[PDB]
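Below is one structure, written out as structure tokens, with a few remarks after it.
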Ligand SMILES: OC[C@H]1O[C@H](O)[C@@H](O)[C@@H](O)[C@@H]1O
Ligand SMILES: OC[C@H]1O[C@H](O)[C@@H](O)[C@@H](O)[C@@H]1O
């Protein structure tokens, strides 16, 4: 097969065979090529207390790490010309970053299969003579319009739903969860991370993928097979291809609609998970209780990557009312609109093993505990002098995370008071060891003062009215709580 000149003729099968041998000969570490380790910052943390309007919150810190390992690459962009089934990609830092470098060299014909419901055998294959985003998308769209006319109109299809959620802490941890390129849509979601670590909010992120169809490509027998005879080893080298920087092809793409949902509540109820969940499922088993209180304190921002004209709606549907709306909009697929790429997978060209990526990060999980403010009300309408001795500790946290309890005492402590006297003592959630003592002067020489109330560590509640009344010999007291 050798040519007299000793050259390898561009465009000959010998050219393509050298390419095939070039790739087959590459040795590399799949593990090390596709691995990212974030930052190992696993120090020790400080305990802290934060007073805010209607409550006191203690912020505890715990040590967690998030690790992911998947062959599935989620798509953010809406019109990426690099992301078509069969596309050749380079394995780079840029592939890990979901911003890949495409290898646009002369492509050989390729055959694809779509897995659309109600579609037979031979009608599920598409032949694409010169694979590119345009030509492959053009091929499926043709088929879709056909399918649309003898199924998707008639039959409710519907779509394949995949739900996935997490509690937002860092952008970095959101990246390991949803993809290296999540920052774009995370930044559109307005995720107030500040107020998460500062106790003021709890945020969760949920991803809804609705899959209309998937198109994919059979394993390739020879690495050579994807190139025209015009492509040569020199060309691959000119474009930086080597063992150190080998290549994958995308072996399937999932098309449909996908939404990202930010559920942001003010309620530190650290029992938000269920109230968010029931809102997702839309089960509505008596929304006028505890779950209702927190769902009424939920802001919602959503980024939608629909089956519609390719662009992302960034809408802030505001209230949780318009969440069922979203899970419903792309529910059925009729083939009136081909959805867009929602996720894709890649396989090494050398040998077809699917490339799985490995991401990790350490992040700070912040637990939040809320102690609500209350008021202590006092009512004195007895025919006697009384004195109160009201006492407590206000709790705070010093750098070093130790418990600081500084003692306090009501100002009018010890004063004689007579009827009718009423006051109202605001007690913030950081108060501990409440003591209330009330004595009354009976006028008896032998029992000058009688204590009519004496409690310690009086539980802080939203509302406590201690009323006293009656006479010097028959005082009456009521300890009324309201929560
Ligand atoms: O505590 C002072 C007390 O003095 C008398 O009892 C009345 O003038 C009351 O209304 C007042 O509350
Ligand atoms: O010595 C205690 C004395 O304090 C005040 O002067 C009055 O309230 C008296 O009635 C009370 O008994």
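Numbers and lists here come from the model and the stated rules, or from a named source; nothing here is a laboratory result. Cβ atoms come from the backbone with ideal geometry, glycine included; neighbour counts cover every protein chain shown.
Answer yes or no: is there a residue in the range 66-82 that is over 30 Å from residue 213 (Cβ atoms), in a strand (DSSP E or B), in the same structural domain as residue 135 (by CATH) and touching a residue at least 24 places away in the same chain (Cβ under 8 Å).
yes
Would you please name the residue that is nearest to ligand 2 (Cβ to nearest atom), looking only at residues in the range 409-434 that are in a strand (DSSP E or B) and farther than 18 Å from residue 371 by Cβ?
So the first thing to find is which residues in the range 409-434 are in a strand (DSSP E or B), and the list is 409, 417, 421-427, 431-434.
Among the residues that remain, those that are also farther than 18 Å from residue 371 by Cβ are: 409, 417, 421-424.
Numbers: 409: 19, 417: 9, 421: 13, 422: 19, 423: 18, 424: 23 Å.
Once the filter is applied, the top-ranked residue is 417.
Picking from 362, 336, which residue would you name as being out of contact with any strand residue (DSSP E or B) (no Cβ under 8 Å at 6 or more places or on another chain), farther than 20 Å from residue 261 by Cβ and either in contact (Cβ under 8 Å) with a residue 12 or more places away in the chain or surrounded by fewer than 16 Cβ atoms within 10 Å (Cβ to Cβ) (or both)? Let's see the steps before the verdict.
Values: 362 fails: out of contact with any strand residue (DSSP E or B) (no Cβ under 8 Å at 6 or more places or on another chain).
One residue alone meets the criteria, 336.
Yes or no: the range 435-457 includes at least one residue that is loosely packed, with under 13 Cβ neighbours inside 10 Å, in contact (Cβ under 8 Å) with a residue 24 or more places away in the chain and away from ligand 2 (no atom under 16 Å from the Cβ).
Yes, that holds for at least one residue.
Every residue, every condition in (1) outside the structural domain of residue 360 (by CATH); (2) part of a loop (DSSP other than H, G, I, E, B); (3) surrounded by fewer than 18 Cβ atoms within 10 Å (Cβ to Cβ), yes or no:
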site	(1), (2), (3)
111	no, no, yes
116	no, yes, no
120	no, yes, yes
136	no, no, no
141	no, no, yes
150	no, no, yes
156	no, yes, yes
161	no, no, yes
173	no, no, no
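Only one residue in 390, 468 is surrounded by 13 or more Cβ atoms within 10 Å (Cβ to Cβ) and more than 15 Å from ligand 2 (Cβ to nearest atom). Which one?
Numbers: 468 fails: more than 15 Å from ligand 2 (Cβ to nearest atom).
390 is the lone residue from the list that is surrounded by 13 or more Cβ atoms within 10 Å (Cβ to Cβ) and more than 15 Å from ligand 2 (Cβ to nearest atom).
Yes/no matrix, rows are residues, columns are (1) crowded, with 20+ Cβ neighbours inside 10 Å; (2) touching a residue at least 12 places away in the same chain (Cβ under 8 Å); (3) under 24 Å from residue 139 (Cα atoms); (4) assigned by CATH to the domain that holds residue 80:
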position: 313; (1), (2), (3), (4): no, no, no, yes
position: 316; (1), (2), (3), (4): no, yes, no, yes
position: 325; (1), (2), (3), (4): no, no, no, yes
position: 332; (1), (2), (3), (4): no, yes, yes, yes
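Could you pull out the residue among 288, 293 that is out of contact with any strand residue (DSSP E or B) (no Cβ under 7 Å at 6 or more places or on another chain) and either part of a helix (DSSP H, G or I) or under 30 Å from residue 249 (Cβ atoms) (or both)? Spell out how you get there, then give the answer.
On the way: 288 fails: either part of a helix (DSSP H, G or I) or under 30 Å from residue 249 (Cβ atoms) (or both).
That would be 293, the only listed residue that is out of contact with any strand residue (DSSP E or B) (no Cβ under 7 Å at 6 or more places or on another chain) and either part of a helix (DSSP H, G or I) or under 30 Å from residue 249 (Cβ atoms) (or both).
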